[PDB]
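**Student:** sequence plus experimental coordinates follow:
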Amino acid sequence: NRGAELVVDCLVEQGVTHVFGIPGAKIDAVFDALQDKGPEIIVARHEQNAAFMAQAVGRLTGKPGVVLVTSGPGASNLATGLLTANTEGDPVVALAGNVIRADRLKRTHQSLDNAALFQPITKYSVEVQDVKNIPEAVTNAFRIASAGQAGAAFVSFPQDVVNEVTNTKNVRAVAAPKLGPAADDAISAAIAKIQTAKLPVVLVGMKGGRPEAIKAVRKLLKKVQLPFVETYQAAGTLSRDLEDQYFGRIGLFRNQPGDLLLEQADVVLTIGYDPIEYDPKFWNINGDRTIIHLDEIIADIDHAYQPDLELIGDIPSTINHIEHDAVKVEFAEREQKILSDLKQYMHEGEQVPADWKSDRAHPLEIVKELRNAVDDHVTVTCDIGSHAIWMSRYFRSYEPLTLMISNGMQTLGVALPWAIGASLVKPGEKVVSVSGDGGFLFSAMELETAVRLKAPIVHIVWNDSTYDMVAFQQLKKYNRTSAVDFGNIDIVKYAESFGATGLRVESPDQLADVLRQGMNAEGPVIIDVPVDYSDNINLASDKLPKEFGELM
Amino acid sequence: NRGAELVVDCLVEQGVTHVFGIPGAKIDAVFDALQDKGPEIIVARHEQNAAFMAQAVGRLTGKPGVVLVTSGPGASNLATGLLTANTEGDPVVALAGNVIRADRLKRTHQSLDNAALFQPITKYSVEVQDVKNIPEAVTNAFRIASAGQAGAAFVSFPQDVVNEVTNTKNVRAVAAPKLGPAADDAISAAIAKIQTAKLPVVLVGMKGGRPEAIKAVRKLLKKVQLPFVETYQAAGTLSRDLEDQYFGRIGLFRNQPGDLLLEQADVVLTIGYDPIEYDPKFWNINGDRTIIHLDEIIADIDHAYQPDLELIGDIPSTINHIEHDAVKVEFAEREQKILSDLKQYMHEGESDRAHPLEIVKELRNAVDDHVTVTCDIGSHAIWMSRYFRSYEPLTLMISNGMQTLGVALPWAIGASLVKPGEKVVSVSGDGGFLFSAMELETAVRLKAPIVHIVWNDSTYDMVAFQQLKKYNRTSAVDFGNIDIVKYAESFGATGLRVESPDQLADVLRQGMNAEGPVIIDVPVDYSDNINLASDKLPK
Amino acid sequence: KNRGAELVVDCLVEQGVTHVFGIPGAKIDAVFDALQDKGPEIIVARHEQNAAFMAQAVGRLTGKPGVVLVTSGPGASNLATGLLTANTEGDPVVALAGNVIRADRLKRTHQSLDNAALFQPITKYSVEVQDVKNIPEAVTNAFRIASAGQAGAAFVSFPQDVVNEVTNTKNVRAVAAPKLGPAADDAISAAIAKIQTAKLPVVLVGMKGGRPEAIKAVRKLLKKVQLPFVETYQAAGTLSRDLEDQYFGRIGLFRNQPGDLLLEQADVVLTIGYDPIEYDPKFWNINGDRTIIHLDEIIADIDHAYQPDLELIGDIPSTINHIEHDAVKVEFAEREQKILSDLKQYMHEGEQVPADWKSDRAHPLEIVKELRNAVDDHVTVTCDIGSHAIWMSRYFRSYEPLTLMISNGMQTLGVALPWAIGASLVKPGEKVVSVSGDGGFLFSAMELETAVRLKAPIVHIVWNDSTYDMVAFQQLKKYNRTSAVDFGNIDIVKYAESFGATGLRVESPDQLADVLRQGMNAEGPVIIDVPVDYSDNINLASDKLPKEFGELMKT
Ligand SMILES: Cc1ncc(C[n+]2csc(CCOP(=O)(O)OP(=O)(O)O)c2C)c(N)n1
Ligand SMILES: Cc1ncc(C[n+]2csc(CCOP(=O)(O)OP(=O)(O)O)c2C)c(N)n1
Ligand SMILES: Cc1ncc(C[n+]2csc(CCOP(=O)(O)OP(=O)(O)O)c2C)c(N)n1
Ligand SMILES: [Mg+2]
Ligand SMILES: [Mg+2]
Ligand SMILES: [Mg+2]
């Protein structure tokens, strides 16, 4: 019963089932303590992927995912991982080791100021300097990682602290509390402003993408019949019932129907809106608009964002109090016409161009065939790139937490490790991950962990042989691409070398059969599907806002 | 004519030959400027390895390696990379982008305090907030990265700053100056203590592992005939002439002849000694000895390290002034016997699979002296660090500061670019391999003549055997195997395999004569590893 | 003309700032120049520390952030302790400081440092604006964060070229920080349930319970349910004269109070806005399992001695009201009534001067009482740090919200007098009383010029013993000897007159009552030198009371 046991004791109380990590000499006492009791250790092939996996656990379970690494380069490898989780509202607790307290100021092996390093990228970055303080520090980490808004917590343990034998008792895993609903006066005022609105619309954001949030949002949308829009991490709010009120997903560029829908609005209700997904300077422009901020925390005042009302409190509760006293909105003919046109423009946008001819599959063809090959309840984790732009915009998701996208840091390589984390959260279910050919290699080494776990993952690789998202953004600004090209690899040979299944779409017509082959395959499968990116530049085309400008 | 050009203008003037990086929306303006002029861009497969490559360029060329990344996750991926370079005396300049100055406080895509993040892990972390300040900020970053002790410098560029058009002129790339040698009276006082010493020993350290230092160290060792020892990053100090005065490499555990040699000495002269490689509480113990600190910067006072003399100045110059007025030391009979027994003990220290010691030697005999050999981190690195002889400066590169996993392969890639047309050998573990194995694509793309050796045991053994000595059980050290040959072939590279311990020498030669990147899978018996921490030898 | 500096003033206008405390400088002068055309009144301070203190006092009294404006370099670095104090004591403060131009920000140039990096670990919000357009946003969010629970300090740094930069940027609406709804309904119901079933339920009113609107609601709860309650030092003023029979003093510093013994005997403790800085839970929540109910605007910090069984997070007054609405009077059993009776008795004996007392100087308890009797309930009393503060914090009764201000977070020396000046600006035309030690006096005594300049009606009481006594008696108790606590005397009367202020002196303990009335009736700043006998001070850390109660209870 030494300090390392205390760390494990906390993990038990927090109900931690899995720990992702990589052992080392400085953190060895805690890994040793985990052999006697505590959660199952998932050994990672890189601490970055260990942090990503934990993030996936966080977003899916609502409870902090736990990552355990050693001092020095082990700790510093969690940097990007935690930074992503901290900016994308995913509860993660990081446990890292450090050199002994007596040599903490010295130039010794793997020593640095851990707490100072993770300070600007976490909600909580502390280093325990007394063994008695372990149960407190770790508990407060779990609570703070979870408390709205969710984020990353980092706890550093000097080696002599985790090895120290102590008679210190454990501490109760007091659950993070939930707020009450927003102020009654604030809700009453909000209902009033929505009822008097000529065209009210709902902007569902990050924290609205929580399951219980989605549950309450849907009840509201059905009763009041408001047209709504999603941010990328709000994917899954849409139901097939609410398809007639759905106006797509806003993000990246102001050239979507939702942006035009938001423009026409006179009252906008934002739900759990972290502006990181889409800056308000992009959508809230052109005329005085009423903004009602509903969130678990106060609003960030921007030039383009100055809420006329703030409903701060538990997001689902606050929505419930609104939905109860709200009544159906009747739209005038003019507003109905606008909604009709936008829904028309929206449908026109989801279609492959008529003049299309190619040896490869169009991105929309890859999107459509994938959704029809994947059940609604199946979790799909997506990477970042041009492929991500298509997925975020056109891949429909009808259930909470089934389309995971990195819309905070837009970190390359998140797809596959999220999928591995997701499969452990939902055992016995197939999990689909989508990535680019460039972003793939960022975390492809974690495929060994997949085969080892026999995880039912289907990884789709959009093959263009370039960092295209940077490329077409270079062409639009400088009329030339720079440092976006790299060599190709045999993706099938790559998979097979890890002990996984590798398939390949040789022709655009084989797409449907290859996908279903993978969805029925056993174990991890990587799928190489070449794509034609000649239409990608139109993702930033302002043709659509122009057409609607003239029509108005 | 805009801020991005200024960054490149500095890179030109600094004589930067290569920039390793990955583009992004915020830093693309500088990537755009590199199309018209400036160094050749090497697109990496991960910013971690791009930073590693730059570290190798720094360690090999003496001028800072440059890495250029984007905002957000681009910047934060440099964390381990820069931290490694900063604690291992390798000059690196990192250039990262950031969000618009007007939105620097907002929750927007890829925003963080870049400068605040790299503060605890660099010698210099600044963020430029005015376009005029670019040539200054960049120039001083290079100077500080180079200045003793060398390390990592980080410069963050708001997107609007690199895109802003200005008529600001560039700034001259003033070279970091060299110090003069240590004080004359200080040099004389040191020489006095050495000639009167019964058993004087030289500890060549990190900053002694520099080329000009080694050249100057060797002249001192030949003339005075001093017994010396190496640290892991001091590999290459040994010459084939000086085999008779060499007493191995100290590190990791106190069970080496060197630890015992230093113990018996009464006066020890340390040269460019960073205590990060081996804490002085391990060797400077059993009895009072006089310590003379020779370095480019002052010493860190430790309980086991309190110098009686500090000769601070240019390392080679200070050494030359010693070598000039020093004379040969005659060793007494007792002391000569101690030196004799330990050199005997040294050789004394030197299955279905191949033994580690078999793999070290057979590689040395299969590899030319001038060929640079990069090593990763693990148990295999311990065998290499202790028994792989290097007879030329900068031919055995080891990460002895952070002990960072995955450094082997990208260092080799950086090296092939530094020494074009030369073969480069990299050694790594099977666990440490996948950390940066995706950078093999960059090697094949560059057609770099790299030879990678993978020690195959299927575990994180260095953690494993230290667990058995502490808790008598291993924890979280096991993982599955992969087909390394198929892996190589999938990248368009050559894959070989040692099926039997006798095939070792022939497979090695195949790779050394092969064209392009080659990976070699060699299985190892690690049942002997546990003796590395055995206290048998000191007893 | 519309320049960057104007945007800063425009924000202050929309925020409804009436006063700005500061000291001008070369880097921040553009904002000072802009304040000449429009904006709040500038209060020139004699040290930036006191400007931070005064701004803090305005925040604690008005609930809106007090504003402090300084220059680059040492001007900014002088705000360190001031802001650190406000940040740990729930007082809204916005600090606006200048810095060198963006082009020389990395250079060794005059008064350059990383302003933001310095104030990062001691404020809720420390940013530096690097674009003139971003000013109205940065500042507005600064005010909101400083006010948002838990209230604290925000620091905004302006490069000289940024505030001097001419820009056509529109201002941004001063959107008010919103209030939470009350705590969760099921959580409140569960709380009432655990309170009704309690043998001895007690309320611990803490820092955030000491706010006016909080106190209003707490009292209604206390009257209806008839719960015994206790105060922390910054919760002073919750007590009403109605509630005297349920009041059990103020816990703090040392565990030797009736309140500490009351909490020990309780089986259910309701904490209200309890920041543990004032008194760590390892001191009071000991010796047996107790049910803890954390009521606050933010979640709880889990300690070994503090692991709540229930958390009611939401607006503090609103949450209390829902409790008060559905709660009923608590009936105490015979055993519990006696425990309350004995403790209420022990409490009364503690507030009394010892019978064998004789001295040429005034006893601390005499100075407290005579001051309380010379001062109206509504008159704000600011207290400094030292042994005198212990007497005041424990024995000076306060019967209205925000009439006894104490620095109980950082325990910063010198806060008394500048707080009074800030108070004097908040309640113009009202007398303000400040209490300090002779050591803590000189830390900020130079602000006496600022009082005299404003002709503020302040009455400053200086406890004269000629030592750092609070350190001294704690040294004798730990080391059997004092170290570095002694210093020379100054003529406090002559000191006041030299600033143009009134100086009085209590030459004999009977003149005490008379001198105070003389001061309370004097015009302009008044300093009062009153000598004190500190021979009884060591009993403040005496463990006699817990010992007697230990024996009396084991009976
Ligand atoms: C760690 C990191 N580095 C750089 C970037 C910038 N970036 C955004 S998209 C992209 C390239 C994606 O390449 P790929 O995997 O091939 O997908 P594609 O764009 O081709 O669809 C890059 C480098 C990033 N978002 N994260
Ligand atoms: C980035 C990083 N993660 C973890 C460690 C801790 N560590 C030191 S050696 C080692 C395992 C080495 O495995 P391998 O590559 O197979 O070499 P081997 O032990 O088998 O010789 C680990 C995980 C480290 N030094 N750096
Ligand atoms: C800035 C600061 N310095 C030191 C202390 C420690 N301290 C607390 S009370 C005290 C001495 C108080 O002297 P005085 O004002 O004369 O009051 P007295 O103790 O005599 O009642 C000291 C030094 C502190 N709380 N803050
Ligand atoms: Mg691609
Ligand atoms: Mg291995
Ligand atoms: Mg005193």
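**Tutor:** Great, that's in hand. Numbering: from 1, shown residues only, chains lettered A, B, ... in the order given. Ligands and ions are numbered 1, 2, ... in the order given.

**Student:** find the closest residue to ligand 3 in chain A.
**Tutor:** Going by C-beta to the nearest ligand atom, ligand 3 is nearest to residue A:129 of chain A, at 23.1 Å. For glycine as for every other residue, the C-beta is placed from the backbone atoms N, C-alpha and C.

**Student:** next up, phi/psi of that residue, please.
**Tutor:** phi -120, psi 10 (degrees, to the nearest 10).

**Student:** which residues touch the closest residue to it other than its chain neighbours?
**Tutor:** Nearest non-adjacent residue to residue A:129, counting by C-beta to C-beta, 6 or more residues apart in numbering or on different chains: residue A:101, 6.4 Å away. Contact analysis of residue A:101 by C-beta atoms under 8 Å, 6 or more residues apart in numbering or on different chains lists A:129, A:158, A:160-161.

**Student:** return the top helix by length along chain A as PDB; C-alpha atoms alone will do.
**Tutor:** Looking across chain A with DSSP state H, the single longest helix is helix A:333-349. Taking C-alpha atoms only, helix A:333-349 is exported to PDB below (Å, rounded to 0.1, in the frame of the first residue of the first chain):
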ATOM      1  CA  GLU A 333     -45.700  32.900 -46.900                       C
ATOM      2  CA  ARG A 334     -42.500  34.800 -47.400                       C
ATOM      3  CA  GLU A 335     -40.600  32.900 -44.800                       C
ATOM      4  CA  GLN A 336     -42.000  29.600 -46.100                       C
ATOM      5  CA  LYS A 337     -40.700  30.500 -49.500                       C
ATOM      6  CA  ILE A 338     -37.300  31.200 -48.200                       C
ATOM      7  CA  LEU A 339     -37.200  27.900 -46.300                       C
ATOM      8  CA  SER A 340     -38.300  26.200 -49.500                       C
ATOM      9  CA  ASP A 341     -35.600  27.800 -51.700                       C
ATOM     10  CA  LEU A 342     -32.900  27.000 -49.200                       C
ATOM     11  CA  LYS A 343     -34.100  23.400 -48.900                       C
ATOM     12  CA  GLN A 344     -34.000  23.300 -52.700                       C
ATOM     13  CA  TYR A 345     -30.500  24.800 -52.900                       C
ATOM     14  CA  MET A 346     -29.500  22.300 -50.100                       C
ATOM     15  CA  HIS A 347     -30.600  19.300 -52.200                       C
ATOM     16  CA  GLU A 348     -28.900  20.700 -55.300                       C
ATOM     17  CA  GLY A 349     -25.700  20.800 -53.200                       C
END
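
**Student:** list the contacts for the residue of chain A most remote from its centre?
**Tutor:** Among residues of chain A, the one most distant from the C-alpha centroid is residue A:167; the distance is 41.3 Å, by C-alpha atoms, centre = their mean. Shown in contact with residue A:167 (C-beta under 8 Å, 6+ apart): residue A:1.

**Student:** same question for residue A:210.
**Tutor:** Taking C-beta under 8 Å, 6+ apart, we find residue A:210 in contact with A:62, A:272, A:315-316, A:400.

**Student:** what does it show for phi and psi?
**Tutor:** phi -70, psi 150.

**Student:** kindly report the same for residue A:379.
**Tutor:** Torsion angles, degrees, to the nearest 10, at residue A:379: phi -70, psi 130.

**Student:** that one and ligand 5, how far apart?
**Tutor:** For residue A:379, the distance to ligand 5 equals 33 Å [C-beta to the ion, to the nearest Å].

**Student:** burial measure for that residue, as a count.
**Tutor:** Around residue A:379 sit 26 other residues, with neighbours defined as other C-beta atoms under 10 Å in any protein chain shown.

**Student:** was I right about it contacting residue A:426?
**Tutor:** Yes. At 6.4 Å, residue A:379 counts as touching residue A:426 under the criterion of C-beta atoms under 8 Å.

**Student:** need the overlap of contacts for the two.
**Tutor:** Residues touching both residue A:379 and residue A:426 (C-beta under 8 Å, 6+ apart): residue A:60.

**Student:** get me the contact residues on the stretch 401-550 of chain A for ligand 6.
**Tutor:** By the rule C-beta under 5 Å from the ion, no part of the stretch 401-550 of chain A lies against ligand 6.

**Student:** can you give me the helices for the stretch 401-550 of chain A?
**Tutor:** In the stretch 401-550 of chain A, the segments counted as helices under DSSP state H, counting those that start in this stretch are A:415-425, A:437-440, A:447-453, A:468-475, A:491-498, A:511-519, A:543-551.

**Student:** same check, this time on the stretch 201-350 of chain A
**Tutor:** A:211-224, A:257-264, A:280-283, A:315-325, A:333-349.

**Student:** buried deepest among those, which one?
**Tutor:** helix A:257-264 (a mean of 24; mean count of other C-beta atoms under 10 Å in any protein chain shown).

**Student:** so what does it touch, helix or strand wise?
**Tutor:** strand A:200-204, strand A:228-230, strand A:246-249, helix A:280-283, helix A:333-349, helix A:543-551 (3 or more C-beta pairs under 8 Å, 6 or more residues apart in numbering or on different chains; DSSP states H and E).

**Student:** many thanks, have a good one.
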